[PDB]
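One structure is given below, encoded as structure tokens.
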Amino acid sequence: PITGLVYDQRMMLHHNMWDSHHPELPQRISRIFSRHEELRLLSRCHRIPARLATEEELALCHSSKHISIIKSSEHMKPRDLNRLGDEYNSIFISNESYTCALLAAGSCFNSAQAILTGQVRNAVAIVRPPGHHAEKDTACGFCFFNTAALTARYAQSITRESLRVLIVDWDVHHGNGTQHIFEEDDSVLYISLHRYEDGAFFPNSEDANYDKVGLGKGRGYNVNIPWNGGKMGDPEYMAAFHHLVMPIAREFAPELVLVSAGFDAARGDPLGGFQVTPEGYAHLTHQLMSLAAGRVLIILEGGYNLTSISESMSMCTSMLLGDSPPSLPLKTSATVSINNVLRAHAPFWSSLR
Ligand SMILES: O=C(/C=C/c1cccc(S(=O)(=O)Nc2ccccc2)c1)NO
Ligand SMILES: [K+]
Ligand SMILES: [K+]
Ligand SMILES: [Zn+2]
């Protein structure tokens, strides 16, 4: 049983030239990687090489127009870069942004391929910029291309089109891009837990509410678990996994699990405002490992306290490597959310009835 790991310092080149203290920092990935070295986890993993995604691979989820515009940013002068970034919701662009986004995607493709061919049992991808806010035709929320979504389609492209992929998004923000990309699809089950606040939390859309359950043949295959009015932490995420995530996932019976693993729900995060502990993330990881014969790929999304994300993601890797899970009342607000979701998805999943 081997765990893969992919990391490439080249992905640090993506930077904000107007605000060098923007929280989506280059050192996000180098700090996580360093903590793996310190904990002697890195030597326990198989190093999976990073690669660039091809434009053909990008087209699995994105428009030719969107790909061309971001591709052209590589040669833009600062004026062009500034103005272009500004056309999007919460995006900064440097001349290295395109290449880094390509590396993030290709890294996850290589990891998915290594899992599916059986070279490794599971894997972690320490990548940036993040992806789950990226839409078919636009960049958003620090994201250019939707790495997790592209990875699911890539997985299908090297196995069979109907390969059942589960995406669990525990980043504190709703993955609007991933929801929309798979909204009419029953081969990819999207489950997101996110701070919602009646739509007041980024990305500020009611698309993230629990009553959005998918469209057409994808009805039932989109599960939003929205948190309102409360500093959620380990008890809340454990309860959601017990009543919602794991029952639905077991009925779906995925053949591959992708985790959009942002760590901005972590205690100490400057943007999330939640308090999930590294032990919390470990227990979430360990539960997901009981799915898909252990075929789990953990993909870095957000997370902005450098110490918090380093500790949290390293803990996940420790779980994937087979280490024993560390040891850990429910906020009533969380119970209301979980009940709203159970009511919304009972029509589709018998395990919830
Ligand atoms: O982590 C993210 C994205 C975060 C994000 C995107 C847009 C806006 C915000 S904000 O409301 O917390 N404000 C902010 C903070 C720092 C830089 C830019 C915006 C946060 N997605 O997974
Ligand atoms: K999420
Ligand atoms: K779906
Ligand atoms: Zn986030």
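Residues are named by chain letter and number: chains run A, B, ... in the order of the structure tokens, numbers start at 1 in each chain, and ligands are numbered from 1 in the order shown.
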Query raised in the report: Contacts of residue 6 in chain A at 9 Å or less, counting only C-alpha atoms, minus same-chain residues fewer than 2 places along, as a list in words?
Result: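 Contacts, with the query itself left out: residues 4, 8, 46, 47, 48, 49, 50, 107, 108, 110, 111, 123, 124, 125, 126 and 127 of chain A.
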Query raised in the report: Which residues form the shell of 9 Å around ligand 3 when you count only C-alpha atoms and all ligand atoms, given as an MDAnalysis selection string?
Result: chainID A and resid 178:191 213:215 217:223
Query raised in the report: What lies within 7 Å of residue 295 in chain A using only C-alpha atoms, ignoring chain neighbours under 4 positions off, as a PyMOL selection string?
Result: chain A and resi 115+121-122+256-257
Just to be explicit: take each residue in the selection above, keep N, CA, C and O atoms, and write the result as a CSV table (one decimal), in the first residue's frame.
```csv
chain,number,residue,atom,x,y,z
A,115,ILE,N,-3.1,6.4,-9.2
A,115,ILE,CA,-4.1,5.7,-8.4
A,115,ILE,C,-4.9,4.6,-9.3
A,115,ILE,O,-5.1,3.5,-8.8
A,121,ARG,N,-2.0,3.6,-3.9
A,121,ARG,CA,-3.4,3.3,-3.4
A,121,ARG,C,-4.1,4.6,-3.3
A,121,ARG,O,-5.3,4.7,-3.5
A,122,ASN,N,-3.4,5.7,-2.9
A,122,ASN,CA,-4.0,7.0,-2.7
A,122,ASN,C,-2.9,8.1,-2.9
A,122,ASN,O,-1.8,7.7,-3.1
A,256,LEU,N,-13.7,6.2,-7.5
A,256,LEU,CA,-12.6,7.1,-7.2
A,256,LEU,C,-13.1,8.3,-6.3
A,256,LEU,O,-14.2,8.8,-6.6
A,257,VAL,N,-12.4,8.7,-5.3
A,257,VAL,CA,-12.7,9.8,-4.5
A,257,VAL,C,-11.7,11.0,-4.7
A,257,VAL,O,-10.5,10.8,-4.5
```
For chain A versus ligand 4, which residues have an atom no more than 8 Å away, and what is each residue's nearest atom pair and distance in Å rounded to one decimal, using only C-alpha atoms and all ligand atoms, chain-then-number order, as a Markdown table?
```
| residue | atom | partner | partner_atom_place_in_ligand_line | distance |
| --- | --- | --- | --- | --- |
| A:171 | CA | ligand 4 | 1 (Zn) | 4.9 |
| A:172 | CA | ligand 4 | 1 (Zn) | 5.0 |
| A:173 | CA | ligand 4 | 1 (Zn) | 4.4 |
| A:174 | CA | ligand 4 | 1 (Zn) | 7.5 |
| A:262 | CA | ligand 4 | 1 (Zn) | 5.7 |
| A:263 | CA | ligand 4 | 1 (Zn) | 7.4 |
| A:264 | CA | ligand 4 | 1 (Zn) | 5.6 |
| A:265 | CA | ligand 4 | 1 (Zn) | 7.8 |
| A:272 | CA | ligand 4 | 1 (Zn) | 7.4 |
| A:301 | CA | ligand 4 | 1 (Zn) | 6.6 |
| A:302 | CA | ligand 4 | 1 (Zn) | 4.3 |
| A:303 | CA | ligand 4 | 1 (Zn) | 6.3 |
```
Save the residues we just selected, N, CA and C atoms, as an mmCIF file, in the first residue's frame?
```
data_model
loop_
_atom_site.group_PDB
_atom_site.id
_atom_site.type_symbol
_atom_site.label_atom_id
_atom_site.label_comp_id
_atom_site.auth_asym_id
_atom_site.auth_seq_id
_atom_site.Cartn_x
_atom_site.Cartn_y
_atom_site.Cartn_z
ATOM 1 N N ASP A 171 -13.352 22.429 1.607
ATOM 2 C CA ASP A 171 -12.970 23.843 1.615
ATOM 3 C C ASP A 171 -14.134 24.621 2.231
ATOM 4 N N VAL A 172 -13.852 25.699 2.951
ATOM 5 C CA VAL A 172 -14.921 26.379 3.689
ATOM 6 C C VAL A 172 -15.873 27.118 2.737
ATOM 7 N N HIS A 173 -15.427 27.343 1.504
ATOM 8 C CA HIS A 173 -16.257 28.022 0.508
ATOM 9 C C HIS A 173 -16.941 27.035 -0.418
ATOM 10 N N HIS A 174 -18.095 27.412 -0.963
ATOM 11 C CA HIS A 174 -18.782 26.543 -1.906
ATOM 12 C C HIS A 174 -18.014 26.474 -3.228
ATOM 13 N N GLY A 262 -9.617 22.223 0.675
ATOM 14 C CA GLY A 262 -9.202 23.514 1.182
ATOM 15 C C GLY A 262 -9.076 23.360 2.682
ATOM 16 N N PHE A 263 -8.169 24.107 3.296
ATOM 17 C CA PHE A 263 -8.063 24.039 4.741
ATOM 18 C C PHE A 263 -8.348 25.394 5.373
ATOM 19 N N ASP A 264 -9.286 26.134 4.779
ATOM 20 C CA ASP A 264 -9.689 27.412 5.355
ATOM 21 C C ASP A 264 -10.861 27.285 6.334
ATOM 22 N N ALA A 265 -11.342 26.068 6.569
ATOM 23 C CA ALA A 265 -12.274 25.863 7.677
ATOM 24 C C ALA A 265 -11.488 25.571 8.956
ATOM 25 N N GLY A 272 -11.742 32.057 6.950
ATOM 26 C CA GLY A 272 -12.806 31.090 7.165
ATOM 27 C C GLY A 272 -13.676 31.358 8.380
ATOM 28 N N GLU A 301 -7.000 23.079 -2.117
ATOM 29 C CA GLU A 301 -7.723 24.215 -2.646
ATOM 30 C C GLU A 301 -7.268 25.440 -1.849
ATOM 31 N N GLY A 302 -8.156 25.997 -1.031
ATOM 32 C CA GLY A 302 -7.815 27.148 -0.208
ATOM 33 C C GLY A 302 -7.197 26.780 1.133
ATOM 34 N N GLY A 303 -7.162 27.745 2.051
ATOM 35 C CA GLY A 303 -6.498 27.574 3.334
ATOM 36 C C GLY A 303 -5.357 28.574 3.448
#
```
Query - Shell of 10 Å around ligand 1 (only C-alpha atoms and all ligand atoms), written as a PyMOL selection string - result: chain A and resi 19+21-24+89-92+129-134+140-143+169-176+194+200-204+260-265+270-273+300-304
Query raised in the report: Which residues, written as a ChimeraX atom specification, have at least one atom at most 9 Å from range 35-42 of chain A, with only C-alpha atoms counted and residues fewer than 5 positions away on the same chain left out?
Result: /A:5,30,47,307,310-311,313-314,317-318,321
Save out the residues we just selected, C-alpha atoms, as a PDB file, in the first residue's frame.
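For reference, selection.pdb as written:
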```pdb
ATOM      1  CA  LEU A   5       2.683  12.849  -3.378  1.00  0.00           C
ATOM      2  CA  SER A  30       6.190  25.206   0.158  1.00  0.00           C
ATOM      3  CA  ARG A  47       7.020  11.205  -5.434  1.00  0.00           C
ATOM      4  CA  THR A 307       0.873  26.907  10.107  1.00  0.00           C
ATOM      5  CA  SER A 310       0.678  22.676   6.971  1.00  0.00           C
ATOM      6  CA  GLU A 311      -0.411  20.789  10.068  1.00  0.00           C
ATOM      7  CA  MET A 313      -2.757  18.569   5.312  1.00  0.00           C
ATOM      8  CA  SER A 314       0.221  16.660   6.767  1.00  0.00           C
ATOM      9  CA  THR A 317      -1.252  12.434   4.444  1.00  0.00           C
ATOM     10  CA  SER A 318      -0.442  10.584   7.655  1.00  0.00           C
ATOM     11  CA  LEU A 321      -0.129   6.413   4.744  1.00  0.00           C
TER      12      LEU A 321
END
```
Requested in this report: Enumerate the residues of range 43-287 of chain A with a DSSP assignment of strand (DSSP E or B), computed from the backbone, and present them as number ranges by chain.
Outcome: A: 46-47, 89, 122-126, 140, 143, 165-169, 188-195, 222-227, 233, 256-261, 266, 275-276
Dump as a compact mmCIF listing (two decimals), in the first residue's frame, selection limited to N, CA and C atoms:
```
# COMPACT_ATOMS: atom_id res chain seq x y z
N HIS A 46 5.57 8.01 -2.41
CA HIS A 46 6.10 7.96 -3.74
C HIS A 46 5.97 9.31 -4.43
N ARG A 47 7.06 9.89 -4.81
CA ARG A 47 7.02 11.21 -5.43
C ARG A 47 6.51 11.11 -6.87
N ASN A 89 -14.17 38.20 -10.71
CA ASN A 89 -14.40 38.26 -9.28
C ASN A 89 -13.19 37.71 -8.52
N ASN A 122 -3.42 5.69 -2.87
CA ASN A 122 -4.00 7.01 -2.68
C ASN A 122 -2.92 8.08 -2.89
N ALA A 123 -3.27 9.36 -2.79
CA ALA A 123 -2.27 10.40 -3.07
C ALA A 123 -2.68 11.77 -2.56
N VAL A 124 -1.69 12.64 -2.38
CA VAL A 124 -1.93 14.04 -2.04
C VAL A 124 -1.30 14.95 -3.08
N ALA A 125 -2.01 16.01 -3.44
CA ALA A 125 -1.52 16.98 -4.40
C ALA A 125 -1.38 18.36 -3.75
N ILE A 126 -0.14 18.80 -3.54
CA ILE A 126 0.14 20.10 -2.94
C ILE A 126 0.31 21.14 -4.05
N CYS A 140 -12.34 32.82 -11.23
CA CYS A 140 -13.06 33.33 -10.07
C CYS A 140 -12.38 32.90 -8.78
N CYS A 143 -9.04 31.26 -8.54
CA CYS A 143 -8.99 30.04 -9.37
C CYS A 143 -9.07 30.34 -10.86
N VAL A 165 -17.29 9.05 -10.00
CA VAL A 165 -16.35 9.82 -9.22
C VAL A 165 -17.09 10.62 -8.15
N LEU A 166 -16.64 10.48 -6.91
CA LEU A 166 -17.14 11.31 -5.82
C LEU A 166 -16.18 12.46 -5.57
N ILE A 167 -16.70 13.68 -5.59
CA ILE A 167 -15.93 14.84 -5.16
C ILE A 167 -16.47 15.37 -3.85
N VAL A 168 -15.63 15.32 -2.82
CA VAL A 168 -15.98 15.89 -1.52
C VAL A 168 -15.21 17.19 -1.36
N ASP A 169 -15.95 18.28 -1.21
CA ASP A 169 -15.38 19.62 -1.14
C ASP A 169 -15.50 20.14 0.30
N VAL A 188 -20.70 11.95 -11.71
CA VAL A 188 -19.87 12.65 -10.72
C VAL A 188 -20.76 13.20 -9.62
N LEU A 189 -20.64 12.62 -8.43
CA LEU A 189 -21.38 13.09 -7.27
C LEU A 189 -20.59 14.19 -6.58
N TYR A 190 -21.18 15.38 -6.52
CA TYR A 190 -20.54 16.51 -5.85
C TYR A 190 -21.15 16.75 -4.46
N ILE A 191 -20.32 16.68 -3.42
CA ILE A 191 -20.78 16.97 -2.06
C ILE A 191 -19.91 18.06 -1.45
N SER A 192 -20.52 19.20 -1.13
CA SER A 192 -19.77 20.31 -0.55
C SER A 192 -20.31 20.67 0.83
N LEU A 193 -19.39 20.88 1.77
CA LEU A 193 -19.72 21.52 3.04
C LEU A 193 -19.11 22.91 3.00
N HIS A 194 -19.87 23.93 3.39
CA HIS A 194 -19.39 25.30 3.26
C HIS A 194 -20.11 26.27 4.18
N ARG A 195 -19.40 27.29 4.62
CA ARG A 195 -20.03 28.41 5.29
C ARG A 195 -20.89 29.15 4.27
N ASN A 222 -26.09 16.34 -6.58
CA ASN A 222 -25.45 17.52 -6.04
C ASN A 222 -25.94 17.74 -4.61
N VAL A 223 -25.01 17.73 -3.66
CA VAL A 223 -25.35 17.82 -2.25
C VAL A 223 -24.62 18.99 -1.60
N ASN A 224 -25.36 20.06 -1.32
CA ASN A 224 -24.81 21.21 -0.62
C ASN A 224 -25.15 21.12 0.86
N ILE A 225 -24.13 21.18 1.71
CA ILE A 225 -24.34 21.23 3.16
C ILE A 225 -23.89 22.59 3.68
N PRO A 226 -24.84 23.53 3.79
CA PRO A 226 -24.53 24.93 4.11
C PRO A 226 -24.60 25.23 5.60
N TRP A 227 -23.56 25.86 6.14
CA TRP A 227 -23.55 26.26 7.54
C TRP A 227 -24.01 27.71 7.70
N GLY A 233 -16.93 23.49 13.74
CA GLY A 233 -15.67 22.81 13.97
C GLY A 233 -15.83 21.31 13.85
N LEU A 256 -13.72 6.25 -7.46
CA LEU A 256 -12.61 7.15 -7.17
C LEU A 256 -13.12 8.30 -6.33
N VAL A 257 -12.35 8.69 -5.32
CA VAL A 257 -12.73 9.83 -4.49
C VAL A 257 -11.73 10.96 -4.67
N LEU A 258 -12.24 12.14 -5.02
CA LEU A 258 -11.44 13.34 -5.06
C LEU A 258 -11.85 14.24 -3.92
N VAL A 259 -10.87 14.79 -3.21
CA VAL A 259 -11.19 15.75 -2.16
C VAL A 259 -10.69 17.11 -2.60
N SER A 260 -11.63 18.03 -2.79
CA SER A 260 -11.29 19.44 -2.89
C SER A 260 -10.97 19.91 -1.48
N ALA A 261 -9.72 19.71 -1.10
CA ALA A 261 -9.30 19.85 0.28
C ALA A 261 -8.74 21.24 0.57
N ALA A 266 -10.16 25.63 8.86
CA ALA A 266 -9.29 25.28 9.97
C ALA A 266 -9.24 26.35 11.05
N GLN A 275 -13.34 26.44 13.06
CA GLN A 275 -12.34 25.87 13.97
C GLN A 275 -12.17 24.36 13.84
N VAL A 276 -12.10 23.86 12.61
CA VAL A 276 -11.77 22.45 12.40
C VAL A 276 -10.29 22.23 12.75
```
Requested in this report: Counting only C-alpha atoms and all ligand atoms, figure out which residue out of A:208, A:334, A:284, A:316 gets nearest to ligand 2.
Outcome: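 Counting only C-alpha atoms and all ligand atoms, the residue closest to ligand 2 is A:208.
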Requested in this report: Find the residues near residue 353 in chain A: any atom within 10 Å, counting only C-alpha atoms, skip ones fewer than 5 places away on the same chain, and give them as JSON, numbers by chain.
Outcome: {"A": [342, 343, 345, 346, 347, 348]}
**Report entry** Interatomic distance, CA of residue 308 in chain A to CA of residue 237 in chain A (Å, one decimal)
**Finding:**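 We find that CA of residue 308 in chain A and CA of residue 237 in chain A lie 17.2 Å from each other.
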Query raised in the report: So which residues touch residue 252 in chain A within 8 Å, counting only C-alpha atoms, skipping near sequence neighbours fewer than 3 positions away, as a list in words?
Result: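 That gives residues 164, 189, 248 and 249 of chain A.
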Requested in this report: Mind giving me the straight-line distance from CA of residue 292 in chain A to CA of residue 254 in chain A in Å, one decimal?
Outcome: 5.4 Å
Requested in this report: Please return as a ChimeraX atom specification: the residues of range 16-213 of chain A that backbone DSSP assigns to helix (DSSP H, G or I).
Outcome: /A:27-38,42-44,55-58,64-75,78-86,97-116,147-158,176-181,197-199,206-208
**Report entry** Test item: residues at most 8 Å from range 152-157 of chain A, only C-alpha atoms, excluding those fewer than 6 positions along its chain, as JSON, numbers by chain
**Finding:** {"A": [57, 60, 61, 109, 112, 113, 116, 163, 165, 188, 258]}
